[PDB]
Amino acid sequence: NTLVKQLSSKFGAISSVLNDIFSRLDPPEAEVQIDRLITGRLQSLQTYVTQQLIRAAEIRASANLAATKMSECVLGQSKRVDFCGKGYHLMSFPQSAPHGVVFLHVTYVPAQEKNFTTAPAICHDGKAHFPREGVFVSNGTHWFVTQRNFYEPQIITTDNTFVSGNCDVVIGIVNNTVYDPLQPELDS
Amino acid sequence: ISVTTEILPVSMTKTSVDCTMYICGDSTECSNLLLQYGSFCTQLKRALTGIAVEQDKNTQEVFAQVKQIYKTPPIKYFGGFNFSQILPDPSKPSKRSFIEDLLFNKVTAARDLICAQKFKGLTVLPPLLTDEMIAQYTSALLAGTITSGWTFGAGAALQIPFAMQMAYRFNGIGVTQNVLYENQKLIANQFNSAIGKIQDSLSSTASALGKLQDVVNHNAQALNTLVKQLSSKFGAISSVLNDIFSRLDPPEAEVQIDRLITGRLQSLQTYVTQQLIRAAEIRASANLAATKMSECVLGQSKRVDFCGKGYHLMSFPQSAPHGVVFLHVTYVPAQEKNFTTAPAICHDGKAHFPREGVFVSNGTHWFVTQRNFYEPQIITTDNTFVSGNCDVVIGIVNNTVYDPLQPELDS
Amino acid sequence: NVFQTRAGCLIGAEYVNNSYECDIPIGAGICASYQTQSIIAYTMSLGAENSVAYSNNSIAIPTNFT
Ligand SMILES: *[C@@H]1O[C@H](CO)[C@@H](O[C@@H]2O[C@H](CO)[C@@H](O)[C@H](O)[C@H]2NC(C)=O)[C@H](O)[C@H]1NC(C)=O
Ligand SMILES: *[C@@H]1O[C@H](CO)[C@@H](O[C@@H]2O[C@H](CO)[C@@H](O)[C@H](O)[C@H]2NC(C)=O)[C@H](O)[C@H]1NC(C)=O
Ligand SMILES: *[C@@H]1O[C@H](CO)[C@@H](O[C@@H]2O[C@H](CO)[C@@H](O)[C@H](O)[C@H]2NC(C)=O)[C@H](O)[C@H]1NC(C)=O
Ligand SMILES: *[C@@H]1O[C@H](CO)[C@@H](O[C@@H]2O[C@H](CO)[C@@H](O)[C@H](O)[C@H]2NC(C)=O)[C@H](O)[C@H]1NC(C)=O
Ligand SMILES: *[C@@H]1O[C@H](CO)[C@@H](O[C@@H]2O[C@H](CO)[C@@H](O)[C@H](O)[C@H]2NC(C)=O)[C@H](O)[C@H]1NC(C)=O
Ligand SMILES: *[C@@H]1O[C@H](CO)[C@@H](O[C@@H]2O[C@H](CO)[C@@H](O)[C@H](O)[C@H]2NC(C)=O)[C@H](O)[C@H]1NC(C)=O
Ligand SMILES: *[C@@H]1O[C@H](CO)[C@@H](O[C@@H]2O[C@H](CO)[C@@H](O)[C@H](O)[C@H]2NC(C)=O)[C@H](O)[C@H]1NC(C)=O
Ligand SMILES: *[C@@H]1O[C@H](CO)[C@@H](O)[C@H](O)[C@H]1NC(C)=O
Ligand SMILES: *[C@@H]1O[C@H](CO)[C@@H](O)[C@H](O)[C@H]1NC(C)=O
């Protein structure tokens, strides 16, 4: 619209149209006015082209980002934080829109938290025990092992713990019992 | 344990230009003559306003990522780690930290240049967010990462002791937790020494903030050349237009005025185009900084050479004039030793492959060890699995495997 | 009325001591909005204020998902 509206400028000439300039002045003198008009219009069109180029570069950057998002979020599962949504990414769906794409992100969010008391290791039979893929918790009386992102208490055993060293070097260790699931069937 | 510093520019300086004062000065005749060229200044105002709002959008996107403002509890024990230099200092009125103060002091009758440029139609607008608000965002992020961990980037903040968080990160990089639980004091001392070295380097070295200084210098040079362009004839008798009007008749004064107007308009166009290109580059840098903040501060990244040189552990943000600074805490091995290995163990006519580690030998015996730390253990059936006979694998060796059940059968 | 901000002088808006999310950005941490039947200029509120209970031996574990 502004490129169209620039056509009414005079640029210092005697008129904004060419036919009256050519129908009122001799060839020796109309040249200056024609040159002024031509130079002004050329400058306007060049400025338009430059701005279009810059905007095209920005659109290209956005398109590259969208292509990367389609490659990772949709065709696979992403471990990147805050890339395919807020939370823990599960999956995604694409939809089309005029000059654009819309991504629907299905994600997982925890809720209904609860407090607990924990210790890093358990000292038993003069040895320190560490969890394999969980965390030690206590409800005030007993001790359990639970997964990090969901509450699922379990009994401490040998199958879900591993031993390394004595229990006089780790800060915060506590005393408890580790249940051996081989002897009770052997003694029965 | 290594700490590394990274500097990223975020935003630019917002500028506004007055056409009439810059071009025609205080002369009314030029003001009347200027109207003939049409709409050449509304476009300039639109472009400059777009850049100005873009800068605020950049800052808001980079820094405003937490819904709630957290505070550290009064007790300052975090398993031996100090953190007293990066946390807010209530004594100073700016509510900033030591490193932040050093960074701000690092980058910097008679009439000031700012007033002289203002008196020619070039003005600077203030940003939406003051420095105090950016400091509060940084403090909230630091408190959230110290107290909660990475849980506050995907939901509610759940408290966890610092030692257990470090154990989880060690498990993430590929080392078991017992290493941390047995070398807590050494790791804490290394971290404190690294922070002290960063302090010393910041206090002594004064060339670590090149990028922001380059941005400031480029803006200053652009303004300087724009101002200097006002004293060129462009082919007329003189730069000053009142002398042109007084000396000679209107018929040629019109030509001289047209020459000056065209030259000044061309200079303004060039300035606007260069500003647009620079703003695009700054926006790209801001997008990179926002991605880095979301990926290295609110979580742990497995990408190589992204959140530091080495094995990534964690990171901390700090503010800087028109930019952000990242402190990356990473893990690097040292004191390596040679060993002899084999791909599998042939025992009882069966091939045995390790479950997590690698097989090593110290000259006479054979052990299984984790990949990134030397911790030998006896080869048993608990850390090994069997697949096929031992006449196919190239390089298999002979040894014995211990079964933890037969000893109990006889005892 | 008259108010003096680091971005200049504001006429026609009344300053209040509360804090809301920004609607029209003026600058230097000052925003404006149309509320109450009047125009009010205020200071931005970054967000809600929170504190987390931290100790040697306390953890928080979720029990449900969304
Ligand atoms: C902590 O957890 C233990 C394990 O469930 C609880 O002990 C059980 O409590 C229920 C409650 O009625 C009893 O029916 C069971 O017989 C208990 N089992 C054992 C082995 O004692 C214990 O009550 C929990 N503590 C608290 C304070 O809730
Ligand atoms: C776990 O049990 C051990 C004993 O098996 C406790 O060690 C004792 O500590 C007391 C101090 O309160 C000493 O007087 C005893 O001599 C220690 N016993 C031995 C065999 O050395 C240990 O304190 C217990 N853990 C906790 C947290 O109390
Ligand atoms: C954490 O760091 C601060 C500052 O580096 C330590 O404070 C220094 O303590 C020593 C002796 O304890 C004094 O000689 C220095 O004058 C102190 N410096 C400052 C700036 O206060 C502090 O001891 C470190 N440890 C803890 C637990 O805070
Ligand atoms: C592992 O073995 C290699 C090869 O035997 C060692 O590399 C040589 O080290 C000696 C020093 O004892 C040098 O004089 C040689 O020039 C090295 N050879 C090459 C090709 O560089 C290597 O040092 C051993 N690893 C360790 C930790 O000592
Ligand atoms: C390789 O490691 C073995 C460990 O099994 C070393 O053997 C031990 O050597 C010490 C010598 O100080 C003896 O006291 C131990 O009794 C040995 N262990 C066993 C199980 O007998 C061995 O010295 C190491 N080096 C070589 C070259 O084999
Ligand atoms: C590993 O032990 C096996 C045990 O069967 C070896 O296999 C035999 O080794 C003897 C001694 O050289 C040969 O005479 C037999 O012919 C081998 N049997 C077969 C079926 O090939 C095996 O050689 C040992 N590994 C190595 C590297 O010697
Ligand atoms: C997790 O949350 C869901 C809803 O968000 C709970 O499902 C509801 O539970 C209540 C109380 O048991 C029932 O009255 C409703 O009928 C359930 N369904 C809905 C749609 O509300 C679910 O119980 C929660 N998990 C646990 C373990 O309590
Ligand atoms: C855990 O204890 C703190 C201590 O005040 C409390 O603020 C918080 O609400 C508790 N968590 C839950 C889930 O009740
Ligand atoms: C427990 O916390 C207190 C502060 O609340 C601290 O002084 C003490 O050192 C902590 N204990 C351990 C074992 O870290």
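We number chain B the same way Swiss-Prot does; the residues here are 720-827, 845-1147, in that order.
If you check the header, you will see the structure was determined by electron microscopy, 3.0 Å.
The backbone N, Cα and C atoms fix where each Cβ goes, and this holds for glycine too.
The annotation disulfide bond is assigned in Swiss-Prot to B:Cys738-B:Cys760 (among others). According to DSSP, B:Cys760 (disulfide bond) sits in a coil region rather than a helix or strand.
Per Swiss-Prot, the feature disulfide bond maps to B:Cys743-B:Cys749 (among others); the stated evidence is experimental evidence. Cβ neighbour count for B:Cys749 (disulfide bond): 18 (other Cβ atoms within 10 Å of its Cβ, all protein chains included).
Over all protein chains present, the Cβ of B:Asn801 (N-linked glycosylation site) has 14 other Cβ atoms lying within 10 Å. Taken from Swiss-Prot, the feature N-linked glycosylation site applies to B:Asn801 (among others), supported by experimental evidence.
Secondary structure at B:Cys1032 (disulfide bond), as computed by DSSP, is helix. Per Swiss-Prot, disulfide bond is recorded for B:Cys1032-B:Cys1043 (among others).
Using a 10 Å Cβ-Cβ cutoff, B:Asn1074 (N-linked glycosylation site) registers 5 neighbours. Residues or ranges marked as N-linked glycosylation site by Swiss-Prot: B:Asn1074 (among others).
Residues annotated as disulfide bond in Swiss-Prot, with experimental evidence given as evidence: B:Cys1082-B:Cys1126 (among others). Its Cβ taken as reference, B:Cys1126 (disulfide bond) is surrounded by 18 other Cβ atoms within 10 Å in the chains shown.
B:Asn1098 (N-linked glycosylation site) is surrounded by 11 other CB atoms, counting those within 10 A of its CB over all protein chains shown. Swiss-Prot lists B:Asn1098 (among others) with the feature N-linked glycosylation site, giving experimental evidence as the kind of evidence.
Per Swiss-Prot, the feature N-linked glycosylation site maps to B:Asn1134 (among others). The secondary structure of B:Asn1134 (N-linked glycosylation site), as reduced to three states from DSSP, is extended strand.
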Candidates B:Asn801, B:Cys1043, B:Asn1098, B:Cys1126, B:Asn1134, namely the recorded positions, that fall within 10 Å of B:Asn1074 (N-linked glycosylation site) by Cα distance: B:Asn1098
Inter-residue Cα distance where the pair is B:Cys749 (disulfide bond) and B:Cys760 (disulfide bond), in Å: 15
Chain-internal residues near B:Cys738 (disulfide bond), provided their CB is under 8 angstroms and they sit 6+ positions away: B:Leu753, B:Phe759, B:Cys760, B:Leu763, B:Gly857, B:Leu1004
Local Cβ density at B:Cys1082 (disulfide bond) - other Cβ atoms counted within 10 Å: 17
Nearest of the recorded positions (B:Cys743, B:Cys1032, B:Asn1098) to B:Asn801 (N-linked glycosylation site) - Cα to Cα: B:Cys1032
Listed disulfide-bonded residues adjacent to ligand 1, that is, members of B:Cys749, B:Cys1043, B:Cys1082 whose C-beta is under 6 A away: none
For B:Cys1043 (disulfide bond), the number of other Cβ atoms found within 10 Å of its own Cβ: 25
Disulfide-bonded residues listed as B:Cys760, B:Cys1032, least Cβ neighbours within 10 Å: B:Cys760
